[PDB]
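Some notes on the structure that comes next.
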Amino acid sequence: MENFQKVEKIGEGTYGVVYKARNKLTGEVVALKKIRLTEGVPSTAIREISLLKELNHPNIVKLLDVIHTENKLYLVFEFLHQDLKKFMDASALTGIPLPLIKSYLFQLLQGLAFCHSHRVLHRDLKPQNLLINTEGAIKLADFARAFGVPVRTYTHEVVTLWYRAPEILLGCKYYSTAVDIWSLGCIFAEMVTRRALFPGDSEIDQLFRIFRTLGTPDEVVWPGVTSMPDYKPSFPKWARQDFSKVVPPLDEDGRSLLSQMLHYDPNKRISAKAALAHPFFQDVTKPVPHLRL
Ligand SMILES: C=CCNc1nc(N)c(C(=O)c2ccccn2)s1
């Protein structure tokens, strides 16, 4: 921008490019996100987004400023050291130690529990927007409601469907906090196996990968599923696979927690608050990760 000196280009979110920037003024380093706007600017968005600035929690990346100047939209966020995606890729040979995987999940659930208790949903959780620092903390960033859902980035980028909840893929028009628990369950499994749980390359491939693993849902396990917008009676009928084949070598408390995070029925899916009381977290600690910056 003007009051900023773009150091580098962190990458690209679902709304626009993200830059690492130094505030010439204060000199403090931030993550600056340019939002893509050809047609009128949203009135509700800026107001709703501005409300997000009042969302403080150790596991939520602080939104420092919403700048609407020169009829452009910038979001200024506190800058974190690395994202979980790069960290997992960096830990692919050894894998993230269980104590650290457990600490990250525990913290992310606290972050979600806080956002959800405030009626704020993320809707697009993914390793790329989970950020960690040298002190072992992990925070949720790059939150969807305020500015609808873009079919593509401002410049043709392949949105990842790997973490999308089944009700969304089945065309549910209303989201619930349950969609965030599902995405986190998928990320949790991924840290454990060092491989994406459901790496779909299309909406239907995404849906069928979930079905082939958890079994094609029906009215018994998911009341109302057959009446969902994109449900087709012609969906193949896959049987549920043994869960011990899904996330080995995760212990039973972990598998029990994960299965509850991956329940088909949003209403049966465990909440973030309830998950925090799960016995899996009985021996939770806060290890410090080895970060290569
Ligand atoms: C990747 C580490 C650089 N530091 C960052 N610090 C942040 N606060 C970042 C983000 O909020 C973000 C969100 C979505 C996509 C890309 N970046 S990125």
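Residues in the structure tokens are numbered from 1 in each chain, the chains being A, B, ... in the order shown, and ligands are numbered from 1 in the order shown.
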
- request: Show which residues sit within 7 Å of range 199-215 of chain A, as a list in words. Count only C-alpha atoms, and ignore same-chain residues fewer than 5 positions away.
  value: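 Once the adjacent positions are removed, what remains is residues 161, 162, 166, 169, 238, 239, 240 and 241 of chain A.
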
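Here the DSSP assignment of alpha helix (DSSP H), based on backbone atoms, applies within range 53-128 of chain A to residues 84, 85, 86, 87, 88, 89, 90, 98, 99, 100, 101, 102, 103, 104, 105, 106, 107, 108, 109, 110, 111, 112, 113, 114, 115, 116 and 117 of chain A.
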
message: Given only C-alpha atoms as the basis, pick out the residue of A:267, A:50, A:285, A:91 nearest to residue 179 in chain A.
response: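 With only C-alpha atoms as the atom set, the closest residue is A:267.
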
I'd like a table as a tab-separated table: residues in chain A with an atom no more than 8 Å from ligand 1, each row giving the shortest atom pair and its distance in Å to one decimal, only C-alpha atoms and all ligand atoms counted, sorted by chain and rising residue number.
```
residue	atom	partner	partner_atom_place_in_ligand_line	distance
A:10	CA	ligand 1	3 (C)	5.6
A:11	CA	ligand 1	16 (C)	5.7
A:12	CA	ligand 1	15 (C)	5.7
A:13	CA	ligand 1	15 (C)	4.4
A:14	CA	ligand 1	14 (C)	7.7
A:17	CA	ligand 1	16 (C)	7.9
A:18	CA	ligand 1	16 (C)	5.6
A:19	CA	ligand 1	17 (N)	7.8
A:20	CA	ligand 1	4 (N)	6.8
A:30	CA	ligand 1	6 (N)	7.1
A:31	CA	ligand 1	7 (C)	5.0
A:32	CA	ligand 1	11 (O)	8.0
A:33	CA	ligand 1	12 (C)	7.8
A:61	CA	ligand 1	8 (N)	6.0
A:62	CA	ligand 1	8 (N)	7.8
A:77	CA	ligand 1	8 (N)	5.2
A:78	CA	ligand 1	8 (N)	5.2
A:79	CA	ligand 1	6 (N)	3.8
A:80	CA	ligand 1	6 (N)	4.0
A:81	CA	ligand 1	4 (N)	5.2
A:82	CA	ligand 1	2 (C)	3.9
A:83	CA	ligand 1	1 (C)	4.5
A:86	CA	ligand 1	1 (C)	7.8
A:128	CA	ligand 1	15 (C)	5.9
A:129	CA	ligand 1	14 (C)	4.6
A:130	CA	ligand 1	13 (C)	7.7
A:131	CA	ligand 1	7 (C)	6.7
A:141	CA	ligand 1	11 (O)	4.8
A:142	CA	ligand 1	13 (C)	4.4
```

Please dump the current selection as a JSON list (two decimals), in the first residue's frame; keep N, CA, C and O atoms.
```json
[["chain", "number", "residue", "atom", "x", "y", "z"],
["A", 10, "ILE", "N", 3.54, -13.36, 0.59],
["A", 10, "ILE", "CA", 3.25, -14.57, 1.35],
["A", 10, "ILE", "C", 2.50, -15.61, 0.53],
["A", 10, "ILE", "O", 2.67, -16.81, 0.75],
["A", 11, "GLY", "N", 1.67, -15.17, -0.41],
["A", 11, "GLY", "CA", 0.93, -16.11, -1.23],
["A", 11, "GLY", "C", -0.41, -15.59, -1.73],
["A", 11, "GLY", "O", -0.49, -14.49, -2.26],
["A", 12, "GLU", "N", -1.46, -16.39, -1.56],
["A", 12, "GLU", "CA", -2.79, -16.01, -2.01],
["A", 12, "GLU", "C", -3.93, -16.73, -1.30],
["A", 12, "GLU", "O", -4.05, -17.95, -1.37],
["A", 13, "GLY", "N", -4.78, -15.95, -0.63],
["A", 13, "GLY", "CA", -5.91, -16.52, 0.07],
["A", 13, "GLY", "C", -7.07, -16.73, -0.89],
["A", 13, "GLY", "O", -6.88, -16.77, -2.11],
["A", 14, "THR", "N", -8.27, -16.85, -0.34],
["A", 14, "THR", "CA", -9.46, -17.05, -1.15],
["A", 14, "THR", "C", -10.10, -15.74, -1.60],
["A", 14, "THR", "O", -11.09, -15.75, -2.33],
["A", 17, "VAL", "N", -4.41, -11.52, -2.77],
["A", 17, "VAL", "CA", -3.02, -11.79, -2.43],
["A", 17, "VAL", "C", -2.70, -11.36, -1.00],
["A", 17, "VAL", "O", -3.24, -10.38, -0.49],
["A", 18, "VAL", "N", -1.81, -12.12, -0.36],
["A", 18, "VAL", "CA", -1.37, -11.84, 1.00],
["A", 18, "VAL", "C", 0.10, -11.47, 0.95],
["A", 18, "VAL", "O", 0.91, -12.20, 0.39],
["A", 19, "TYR", "N", 0.44, -10.32, 1.51],
["A", 19, "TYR", "CA", 1.83, -9.86, 1.51],
["A", 19, "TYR", "C", 2.40, -9.70, 2.91],
["A", 19, "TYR", "O", 1.68, -9.42, 3.87],
["A", 20, "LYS", "N", 3.71, -9.88, 3.03],
["A", 20, "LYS", "CA", 4.38, -9.65, 4.30],
["A", 20, "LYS", "C", 4.76, -8.19, 4.12],
["A", 20, "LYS", "O", 5.40, -7.82, 3.14],
["A", 30, "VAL", "N", 3.56, -6.99, 9.53],
["A", 30, "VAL", "CA", 2.21, -7.51, 9.45],
["A", 30, "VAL", "C", 1.99, -8.34, 8.19],
["A", 30, "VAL", "O", 2.83, -8.36, 7.28],
["A", 31, "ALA", "N", 0.86, -9.03, 8.15],
["A", 31, "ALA", "CA", 0.46, -9.80, 6.98],
["A", 31, "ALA", "C", -0.65, -8.93, 6.40],
["A", 31, "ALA", "O", -1.66, -8.69, 7.06],
["A", 32, "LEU", "N", -0.47, -8.43, 5.19],
["A", 32, "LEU", "CA", -1.46, -7.56, 4.57],
["A", 32, "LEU", "C", -2.20, -8.30, 3.47],
["A", 32, "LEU", "O", -1.59, -8.85, 2.56],
["A", 33, "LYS", "N", -3.53, -8.31, 3.56],
["A", 33, "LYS", "CA", -4.33, -9.00, 2.56],
["A", 33, "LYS", "C", -5.15, -8.02, 1.71],
["A", 33, "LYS", "O", -5.93, -7.24, 2.25],
["A", 61, "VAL", "N", -5.68, -15.46, 14.89],
["A", 61, "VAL", "CA", -4.76, -14.44, 14.39],
["A", 61, "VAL", "C", -5.49, -13.10, 14.52],
["A", 61, "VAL", "O", -6.60, -12.94, 14.01],
["A", 62, "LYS", "N", -4.89, -12.15, 15.22],
["A", 62, "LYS", "CA", -5.55, -10.88, 15.42],
["A", 62, "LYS", "C", -5.67, -10.07, 14.13],
["A", 62, "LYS", "O", -4.71, -9.94, 13.38],
["A", 77, "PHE", "N", -3.29, -8.09, 9.36],
["A", 77, "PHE", "CA", -3.26, -9.12, 10.39],
["A", 77, "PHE", "C", -1.89, -9.19, 11.07],
["A", 77, "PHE", "O", -0.89, -8.82, 10.48],
["A", 78, "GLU", "N", -1.86, -9.68, 12.30],
["A", 78, "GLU", "CA", -0.60, -9.84, 13.00],
["A", 78, "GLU", "C", 0.10, -10.93, 12.18],
["A", 78, "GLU", "O", -0.54, -11.85, 11.66],
["A", 79, "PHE", "N", 1.40, -10.79, 12.03],
["A", 79, "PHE", "CA", 2.17, -11.73, 11.23],
["A", 79, "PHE", "C", 2.73, -12.90, 12.03],
["A", 79, "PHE", "O", 3.38, -12.71, 13.07],
["A", 80, "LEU", "N", 2.45, -14.11, 11.56],
["A", 80, "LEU", "CA", 2.98, -15.28, 12.22],
["A", 80, "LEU", "C", 4.09, -15.85, 11.35],
["A", 80, "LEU", "O", 4.16, -15.56, 10.17],
["A", 81, "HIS", "N", 4.93, -16.67, 11.97],
["A", 81, "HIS", "CA", 6.14, -17.26, 11.38],
["A", 81, "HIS", "C", 6.03, -18.28, 10.25],
["A", 81, "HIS", "O", 6.84, -18.27, 9.30],
["A", 82, "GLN", "N", 5.07, -19.18, 10.34],
["A", 82, "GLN", "CA", 4.96, -20.22, 9.32],
["A", 82, "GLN", "C", 3.56, -20.81, 9.39],
["A", 82, "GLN", "O", 2.86, -20.63, 10.39],
["A", 83, "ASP", "N", 3.12, -21.46, 8.31],
["A", 83, "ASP", "CA", 1.79, -22.06, 8.30],
["A", 83, "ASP", "C", 1.93, -23.57, 8.51],
["A", 83, "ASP", "O", 3.01, -24.14, 8.29],
["A", 86, "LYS", "N", 3.29, -25.76, 5.43],
["A", 86, "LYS", "CA", 4.74, -25.86, 5.25],
["A", 86, "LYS", "C", 5.39, -26.66, 6.38],
["A", 86, "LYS", "O", 6.33, -27.44, 6.15],
["A", 128, "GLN", "N", -3.09, -24.18, 5.35],
["A", 128, "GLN", "CA", -2.57, -22.89, 4.91],
["A", 128, "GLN", "C", -2.99, -21.76, 5.82],
["A", 128, "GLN", "O", -2.24, -20.80, 5.98],
["A", 129, "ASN", "N", -4.19, -21.82, 6.40],
["A", 129, "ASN", "CA", -4.58, -20.72, 7.28],
["A", 129, "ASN", "C", -4.48, -21.02, 8.77],
["A", 129, "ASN", "O", -5.06, -20.33, 9.59],
["A", 130, "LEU", "N", -3.73, -22.07, 9.11],
["A", 130, "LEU", "CA", -3.45, -22.40, 10.50],
["A", 130, "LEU", "C", -2.00, -21.93, 10.64],
["A", 130, "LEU", "O", -1.13, -22.40, 9.93],
["A", 131, "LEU", "N", -1.75, -20.97, 11.54],
["A", 131, "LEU", "CA", -0.41, -20.42, 11.68],
["A", 131, "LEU", "C", 0.24, -20.68, 13.03],
["A", 131, "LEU", "O", -0.41, -20.61, 14.07],
["A", 141, "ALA", "N", -6.49, -18.31, 11.09],
["A", 141, "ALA", "CA", -6.51, -17.07, 10.32],
["A", 141, "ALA", "C", -7.27, -17.21, 9.00],
["A", 141, "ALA", "O", -7.68, -18.30, 8.62],
["A", 142, "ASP", "N", -7.42, -16.07, 8.32],
["A", 142, "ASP", "CA", -8.06, -16.03, 7.01],
["A", 142, "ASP", "C", -9.47, -16.60, 7.08],
["A", 142, "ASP", "O", -9.83, -17.45, 6.28]]
```

- request: as a ChimeraX atom specification, please: all residues of range 20-83 of chain A that backbone DSSP puts in strand (DSSP E).
  value: /A:20-22,29-35,63-69,72-78,82-83

Residue nearest residue 153 in chain A - candidates A:137, A:37, A:45, A:262, atoms counted: only C-alpha atoms: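 Checking each candidate against residue 153 in chain A, we get A:37 as the closest.
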
query: How many Å separate CA of residue 21 in chain A from CA of residue 8 in chain A?
result: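 Spanning CA of residue 21 in chain A to CA of residue 8 in chain A is a straight-line distance of 7.1 Å.
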
query: Contacts of range 145-150 of chain A at 8 Å or less, counting only C-alpha atoms, minus same-chain residues fewer than 3 places along, as a PyMOL selection string?
result: chain A and resi 14-15+42+44-46+48-49+121+153

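CA of residue 110 in chain A lies 18.9 Å from CA of residue 259 in chain A.
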
- request: Could you please determine the separation between CA of residue 107 in chain A and CA of residue 184 in chain A in Å, to one decimal place?
  value: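 CA of residue 184 in chain A lies at a distance of 11.3 Å from CA of residue 107 in chain A.
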
field: Selected residue of minimal separation from residue 95 in chain A among A:242, A:28, A:124, A:190, counting only C-alpha atoms
entry: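 Of all the options, A:190 lies closest to residue 95 in chain A.
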
field: Nearest to residue 263 in chain A by atom-to-atom distance, counting only C-alpha atoms, from A:279, A:217, A:58, A:233
entry: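 Of the candidates, the smallest distance to residue 263 in chain A is held by A:217.
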
message: Could you list, as a list in words, every residue within 7 Å of residue 5 in chain A, counting only C-alpha atoms and ignoring same-chain residues fewer than 2 positions away?
response: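 Selected residues are residues 7, 21, 22, 23 and 24 of chain A.
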
Can you write out the residues you just picked, keeping N, CA, C and O atoms, as a PDB file, in the first residue's frame?
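Generated file (out.pdb):
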```pdb
ATOM      1  N   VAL A   7       7.412  -6.353   1.743  1.00  0.00           N
ATOM      2  CA  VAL A   7       8.668  -7.090   1.856  1.00  0.00           C
ATOM      3  C   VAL A   7       8.691  -8.250   0.863  1.00  0.00           C
ATOM      4  O   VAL A   7       9.630  -8.401   0.086  1.00  0.00           O
ATOM      5  N   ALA A  21       4.338  -7.338   5.050  1.00  0.00           N
ATOM      6  CA  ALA A  21       4.639  -5.930   4.903  1.00  0.00           C
ATOM      7  C   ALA A  21       5.131  -5.291   6.183  1.00  0.00           C
ATOM      8  O   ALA A  21       4.760  -5.703   7.278  1.00  0.00           O
ATOM      9  N   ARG A  22       5.982  -4.283   6.026  1.00  0.00           N
ATOM     10  CA  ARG A  22       6.517  -3.549   7.155  1.00  0.00           C
ATOM     11  C   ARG A  22       5.854  -2.176   7.164  1.00  0.00           C
ATOM     12  O   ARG A  22       5.912  -1.437   6.184  1.00  0.00           O
ATOM     13  N   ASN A  23       5.209  -1.849   8.272  1.00  0.00           N
ATOM     14  CA  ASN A  23       4.532  -0.572   8.411  1.00  0.00           C
ATOM     15  C   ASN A  23       5.535   0.581   8.571  1.00  0.00           C
ATOM     16  O   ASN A  23       5.904   0.926   9.692  1.00  0.00           O
ATOM     17  N   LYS A  24       5.965   1.173   7.454  1.00  0.00           N
ATOM     18  CA  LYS A  24       6.926   2.287   7.472  1.00  0.00           C
ATOM     19  C   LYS A  24       6.802   3.117   8.746  1.00  0.00           C
ATOM     20  O   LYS A  24       7.801   3.441   9.393  1.00  0.00           O
TER      21      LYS A  24
END
```
